[PDB]
> 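The structure follows.
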There are 2 protein chains.
Amino acid sequence: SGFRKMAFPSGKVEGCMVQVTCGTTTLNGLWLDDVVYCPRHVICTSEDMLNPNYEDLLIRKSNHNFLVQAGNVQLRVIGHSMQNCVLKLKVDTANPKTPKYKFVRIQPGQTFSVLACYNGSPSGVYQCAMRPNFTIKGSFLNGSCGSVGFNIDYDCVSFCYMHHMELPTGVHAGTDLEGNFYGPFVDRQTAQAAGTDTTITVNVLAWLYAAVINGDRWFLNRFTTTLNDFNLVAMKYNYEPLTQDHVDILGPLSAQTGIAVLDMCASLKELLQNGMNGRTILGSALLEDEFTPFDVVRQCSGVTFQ
Amino acid sequence: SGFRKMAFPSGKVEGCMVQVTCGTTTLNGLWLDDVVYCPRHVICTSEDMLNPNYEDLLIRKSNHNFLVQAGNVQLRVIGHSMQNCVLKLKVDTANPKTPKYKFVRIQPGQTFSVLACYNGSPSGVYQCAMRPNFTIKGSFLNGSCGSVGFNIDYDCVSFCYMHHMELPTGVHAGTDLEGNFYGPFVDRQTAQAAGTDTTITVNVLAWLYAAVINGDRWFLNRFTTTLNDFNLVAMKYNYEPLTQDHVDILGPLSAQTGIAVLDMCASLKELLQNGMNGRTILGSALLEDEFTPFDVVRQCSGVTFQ
Ligand SMILES: *[C@H](O)[C@H](C[C@@H]1CCNC1=O)NC(=O)[C@H](CC1CC1)NC(=O)OCc1ccccc1
Ligand SMILES: *[C@H](O)[C@H](C[C@@H]1CCNC1=O)NC(=O)[C@H](CC1CC1)NC(=O)OCc1ccccc1
């Protein structure tokens, strides 16, 4: 038993990280088959980035201006192009360690693992959720751009995120591997507002189920509620509205625990209105929303990948 | 910026996990050079485990009774022996993916990454601390035994933990890779008490520094304190006593932040005596103690491994 914020094993992604260098800028790239993906601002200088004309800047670059290094060995660049906010460098060598993979554009509320890298080398791995306002709450320093977020489905790696920037509020923004930003962001160094950020209600409920599965049940009550009445309290506390689709998604956990979804909503209501009153749930004094249902079932049935 | 509970990249350990099967019991083993390490209770049956006579049980086993599988390929067992609470199976094949490695016995308060496995296959990776009472707060299900905890020093993997059991309080216990338990535990299915568990004071202070480095500073005050006066409040709240050695260890963080260690202790005093009063620090409503100083410096300077 026990419940921990767990990342996917990172091995298959580790073998795809490379170092990409254009002038004095170095960041991380992702090497799959004979293509290296990285953020296009690798071609900027410190002054470019207030308002880069990326098309104009890339025209001044040729293949040999891109230095790509995987470990100690240099890759030869034989073609370059820009897709949205990412650069694709065609290299002479197919990555022998390329995993089975997919590019996916994830939905808000979904989670994924981040392999934080510097200079093409892994620093660490952690779990993140795509917030409803399309930011993530990561740990990223200068040089971290091009680090990626991924899920693993048995043997397939689904890449979903590439890191590009930090917003004034300290949160992080990035693109899918087609180079489209999540959210309204652009790759220039200006003040940019994210949304008002909301709490992922279905994830909170899933974590309350995890807590019950794992011996924490003090927060359970004798009340119930309705979808509309709960939703009415959701808006108050800036929670996403709960839908029948979410209820259905919680079905397995409601079945495992014998606790109807609306009964759990009622418990969640007395937690929002009354706070936790000094208590804790699964070692936290806050309501956690970065576990999908689906995450919860994964830990509690021991799913594996290798 | 940002601060996240980050695990080491798991690739080098992933290539060492195998499946070990003796009768109907299956668990994980660690394959390094031509040796597979696993918990010795792989030789028990469900009734043995109340009071196993491990020496007697192992005598009934021969090499061919141990089925070791790395992926789809079977390893041949050519010798077996018991060292403390671990079994060492000598196999005919040296693991081609063996990393540079060390076995180490970690100290309470130190942290390490856990690669949670089932049937020889990775499920996920997360960070843990060795608690002062020699337990860890993990996520482990049936079948997880033999999963290991490790650190990485550039290219060297230091294995420090192998999982064996869950205690009645829901926490986890295990051995070093020489098969000696951390703490007073024995590998039998009885009620076993861990210590009173204390809070790792130096780690809390390091996390308060991380919070300051990362823009959270509301908890800072105009007071200071003395080592003995703070320690006197430490005992009250069941914190480890703070020593000059700890102060010295915090030196770099005190230098980075310009906040003297004893000034931070004073802030920690008004947090313990007054609680957080509804506020948060680095996204938590509790005082976190599973970051060593050393962890904090690692994230905040971007250390890498590959
Ligand atoms: C690329 O590695 C870097 C990641 C930033 C660095 C600090 N924390 C991060 O997440 N991204 C940038 O430097 C981008 C440049 C892109 C063209 C926009 N700019 C940026 O993030 O500005 C905010 C910032 C915050 C703190 C320190 C430096 C820059
Ligand atoms: C081995 O895989 C397993 C790990 C336990 C299983 C549940 N959570 C864990 O951490 N270890 C055991 O089954 C050991 C057997 C060793 C000889 C002592 N026994 C044990 O942990 O008993 C407690 C327990 C708790 C919950 C479910 C089963 C067993």
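Below, read A as the first sequence line, B as the second, and so on, with proteins coming before strands; counting in each chain starts at 1. Atoms considered below: every heavy atom in the structure, side chains included; atoms not considered: hydrogens, waters and symmetry mates.
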> Counting heavy-atom pairs closer than 4.5 Å to chain A, which one of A285(B), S121(B), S144(B), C128(B) comes out on top?
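Counting heavy-atom pairs under 4.5 Å, the top option is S121(B).
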> Given heavy-atom pairs under 4.5 angstrom as the criterion, report whether the side chain, backbone, both or neither of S113(B) touches chain A.
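Nothing of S113(B), per the 4.5 Å heavy-atom cut-off to chain A.
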> Provide the closest heavy-atom pair for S10(B) versus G11(A) in the form atom of the first, atom of the second, distance.
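Shortest heavy-atom contact: OG-N, 4.2 Å.
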> Work out which heavy atom in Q306(A) is nearest to a heavy atom in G120(B); give both atom names and the distance.
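Distance-wise, the nearest heavy atoms are NE2-O, 2.8 Å.
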> For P9(B) and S123(A), which heavy atoms make the closest approach, and how far apart are they?
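Closest heavy-atom pair between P9(B) and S123(A): CD-O, 3.8 Å.
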> Using a cut-off of 6.0 Å, state whether more than 12 heavy atoms not belonging to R217(B) lie near its atom CZ.
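No.
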> Could you go through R4(A) and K5(B), starting from their C-alpha distance and side-chain angles, then the distance that decides it, and tell me whether this counts as side-chain contact (heavy atoms from CB on, under 4.5 Å)?
CA-CA 11 Å; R4(A) 293 297 316 275; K5(B) 196 187 290 181; 3.5 Å; yes
> I'd like to know which of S1(B), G124(B), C117(B) tops the heavy-atom pair count under 4.5 Å against chain A.
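Top count of heavy-atom pairs under 4.5 Å with chain A: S1(B).
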> Please flag which part of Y118(B) lies under 4.5 Å from any non-hydrogen atom of chain A: side chain, backbone, both or neither.
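Answer is both: backbone and side chain atoms of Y118(B) are under 4.5 Å from chain A.
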> Might you point out which heavy atoms bring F8(A) and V125(B) nearest each other, and give the distance in Å?
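Closest approach of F8(A) to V125(B): O-CG1, 3.7 Å.
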> With a 4.5 angstrom heavy-atom cut-off, is it the side chain or the backbone of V303(B) that approaches chain A, or both, or neither?
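Contact with chain A: backbone only.
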> Compare all side-chain heavy atoms of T304(B) with those of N119(A) and state whether any distance is below 4.5 angstrom.
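No - every pair of side-chain heavy atoms lies 4.5 Å or more apart.
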> For the candidates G278(B), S139(B), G170(B), which exhibits the highest count of non-hydrogen atom pairs separated by less than 4.5 Å from chain A?
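Option with the greatest count: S139(B).
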> Name the region of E14(A), side chain, backbone, both or neither, that has any atom closer than 4.5 Å to a heavy atom of chain B.
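Answer is both: backbone and side chain atoms of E14(A) are under 4.5 Å from chain B.
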> Heavy-atom pairs under 4.5 Å with chain A are the metric here; pick the option from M6(B), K137(B), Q299(B) that has the most.
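Top count of heavy-atom pairs under 4.5 Å with chain A: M6(B).
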